[PDB]
Structure formats: C-alpha cells, structure tokens
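Asks: whatever this is, show me its structure:
(chains A and B)
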Amino acid sequence: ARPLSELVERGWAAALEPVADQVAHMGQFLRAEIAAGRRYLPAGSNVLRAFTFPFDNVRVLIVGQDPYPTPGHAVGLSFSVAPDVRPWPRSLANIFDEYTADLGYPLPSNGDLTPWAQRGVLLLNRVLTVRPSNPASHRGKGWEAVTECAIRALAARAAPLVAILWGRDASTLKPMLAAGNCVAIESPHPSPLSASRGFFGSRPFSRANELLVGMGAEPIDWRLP
Amino acid sequence: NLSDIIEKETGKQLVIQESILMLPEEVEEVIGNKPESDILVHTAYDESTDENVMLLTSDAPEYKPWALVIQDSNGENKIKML
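Replies: Residues are numbered from 1 along each chain as shown, chains lettered A, B, ... in the order given. Below is the structure:
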C-alpha cells in the first residue's frame, strides 16, 4: 500500500510521520527488487510487523540487525523465529539460557517471541528486509533512516523506556536516545563467539524490569514456554 | 552456498542460521587477531556433536573467509585462521 496510517498502528503513524516519504520509497525498492527477479526474505506482510503493536505501550527496545537470512525463519521481529523452526538460531539459544538463568523460568518451547512483542517489548531490527541467503544485503539501502526515526520517536515520549543493546552495532544508537527518561543497557552480542564475553551474566530481562519499576512503569512479563 | 566452505574445512552438512556483524574491536579479544574491518559471524549449529560452528568473513558484498571457530559444549574454541 501507500499512506502511513494504513501501514502501522497510528501513534506509530505520528512517530514515523517524518519518514513517510522515506518509508514509501522503501516500498518501490522492494517492488523493484521483485521486478528485477530476486526476492526479499522478511515477507510482505511482516516487514513492518514490528510497528503493528501500540507505540505508547512500548516499554523495552531490543534492537537487532537485519533479518535472519534463511527462508521461513525471519518473522518481522528481532531475534524471534517461527515456531516450526527446529534447530534454532544459536544467538537465540544463548539469549534463552541467560533468560532461564536470569528469571526462574523453564526453557521456552520455541523461538517464537510474539508474546513479548504484544506485551510492549519492541523487537525492532535496524534493517527490516534482506535478500535470501545474502545477509546484510539491504544495509544502507534506506531502512536505517526509518528504524532510526522509530527510535528517536520512542525516546521523545513522556513514557519511560529501556533499550537493551546487544553488540557494538547496536551501541551506535546510544546517543540516539538522549538518556532523559531512557536507559540503555549494553552488552556483547548473544552470538556464541561473544556471548560468554559479557552477555551471559548481564541479566538483561530482570534489570530491564527493575529499571522500568525504578521509573514508575510496569515491568514486562517475558515468560513464553 | 557460503556453507559449502564450512563443509570444506570440516566436512559437515550444516545450515547457517544467523550472520551477526561485529567490529574488529569485538572479534579481536576472542580470537586474538584484530581483523581489517568489520566481520560477519555466520553461526551454524551441529546437532550431533553439540558444537557451534562459526564462520567469520568480511562484510556484506564480498563474503571473504577470515577465520573459522568450532565451539564445544564447554565453551572452548578450536580457532583456525583462514
């Protein structure tokens, strides 16, 4: 489609109003991509899914990168995969261990994160689409401008926000949320290569919550089994 | 695939599930070789040896091999520079 209000929750309409031209453009890029014979992975419907849940109800940002490059895996949301996805992304596996370690909970039955999303945890990738099997193929391709505005908008609100930033790529957005009512908690990426380097033990789910409570807001549920 | 070069250096039919991008500063600490520019950490999982198989390559367009890491159930890494 075309007009922002028909594409995202409104309130998100407001949020992203300044990147309307920029997002609309992203469309004809994608369309142009199919036109040239190649497809993009995130999946028509889900591309902007991140922005389908209320803007004013977000309390936690988990910024990812671009989508999982393998078909049927990427689902429109950071780090989350589809429930049928069996041997799951090792990053996600690690996230989950710290998740059981951090909170009393038992290991999730699948890497389907939808419930977090619908509870005010915004799983926003920095790049919303990607060519199949070709990781990072849509970097600088226009998306960052959008996801960036997304974030700035969240920061501007009266409501408190916790941003958890996994990896240095993420950290570059620290300045981008002027920490007035925003708190950022950074750590090395849950990827296997770096996880034990300081992600594990970072306790981000509870800390995020305690931070939220510290600021007079409601904690996230987490908890998905 | 780029997963073929995994199959080459190890002989294991595995699917890459994620490519995380990191800065030299991040990669150096773990492997002890500061790389030129950023790296993508393509991680596949071997569900039989319980090993995390990692392929580190140069950024998006040219996916140039740089190093390979095999990480066991304990966490120790057999690093082979490529």
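Asks: next, count neighbours for residue A:215.
Replies: Residue A:215 has 15 neighbours, counted by other C-beta atoms under 10 Å in any protein chain shown. For the C-beta atoms, the positions are set from N, CA and C on the backbone; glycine is no exception.
Asks: that one: what's it in contact with?
Replies: Residue A:215 is in contact with A:160, A:181, A:183, counting by C-beta atoms under 8 Å, 6 or more residues apart in numbering or on different chains.
Asks: closest to chain B out of those?
Replies: Among the contacts of residue A:215, residue A:183 lies closest to chain B (C-beta to the nearest C-beta), at 22.5 Å.
Asks: so is the closest one in a helix, a strand, or just coil?
Replies: The three-state label given to residue A:183 by DSSP: H, G, I helix; E, B strand; the rest coil is strand.
Asks: I figured it hits residue A:155, correct?
Replies: No. The criterion here is C-beta atoms under 8 Å, and residue A:183 misses it with residue A:155 at 10.9 Å.
Asks: need the contact list for residue B:38.
Replies: By C-beta under 8 Å, 6+ apart, residue B:38 lies in contact with B:21-24, B:58-59.
Asks: which residues do residue A:183 and residue A:155 both contact?
Replies: Both residue A:183 and residue A:155 are contacted by residue A:161, under the criterion C-beta under 8 Å, 6+ apart.
Asks: all helices for chain B, in order.
Replies: Secondary structure of chain B (DSSP state H): helices at B:3-9, B:24-31.
Asks: next one: residue B:10 from chain A, what distance?
Replies: Note on residue B:10: its distance to chain A, by C-beta to the nearest C-beta, to the nearest Å, is 15 Å.
Asks: comparing the helices of chain B, which comes out most buried?
Replies: Highest mean neighbour count among the helices of chain B (mean count of other C-beta atoms under 10 Å in any protein chain shown): helix B:24-31, with a mean of 17.
Asks: tell me the helices and strands packed up against that helix.
Replies: Helices and strands touching helix B:24-31, as assessed by 3 or more C-beta pairs under 8 Å, 6 or more residues apart in numbering or on different chains; DSSP states H and E, comprise strand B:39-46, strand B:77-81.
Asks: mind checking the longest helix of chain A?
Replies: Chain A, longest helix under DSSP H: helix A:20-35.
Asks: and that helix, what does it pack against?
Replies: With contacts taken as 3+ C-beta pairs under 8 Å, 6+ apart, helix A:20-35 sits against helix A:143-156.
Asks: for the helix it packs on, buried residues please.
Replies: For helix A:143-156, burial by neighbour count (16 or more other C-beta atoms under 10 Å in any protein chain shown) applies to A:143-144, A:146-147, A:149-155.
Asks: tilt between that helix and helix A:20-35?
Replies: Taking axes from the mean of the first three to the mean of the last three C-alpha atoms, to 10 degrees, one finds helix A:143-156 and helix A:20-35 inclined to each other by 150 degrees.
Asks: quick one: helix A:143-156 near chain B?
Replies: No. For a cut-off given as C-beta under 8 Å from any C-beta of the partner chain, helix A:143-156 has no contacts with chain B; the smallest distance is 13.0 Å.
Asks: about what we covered before: nearest to chain A, out of the helices and strands packed on helix B:24-31?
Replies: Distance to chain A, taken as C-beta to the nearest C-beta, is lowest for strand B:39-46 among those, at 4.7 Å.
Asks: put the alpha carbons of that closest one into PDB.
Replies: Output of strand B:39-46 as PDB, limited to C-alpha atoms (Å, rounded to 0.1, in the frame of the first residue of the first chain):
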ATOM      1  CA  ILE B  39      33.200  -9.100  10.500                       C
ATOM      2  CA  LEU B  40      30.100 -11.200  10.000                       C
ATOM      3  CA  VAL B  41      29.800 -14.100  12.300                       C
ATOM      4  CA  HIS B  42      27.900 -16.800  10.500                       C
ATOM      5  CA  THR B  43      26.900 -19.400  13.100                       C
ATOM      6  CA  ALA B  44      25.500 -22.800  12.200                       C
ATOM      7  CA  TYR B  45      24.700 -25.400  14.800                       C
ATOM      8  CA  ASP B  46      25.800 -29.100  14.600                       C
END
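Asks: perfect, that will be all.
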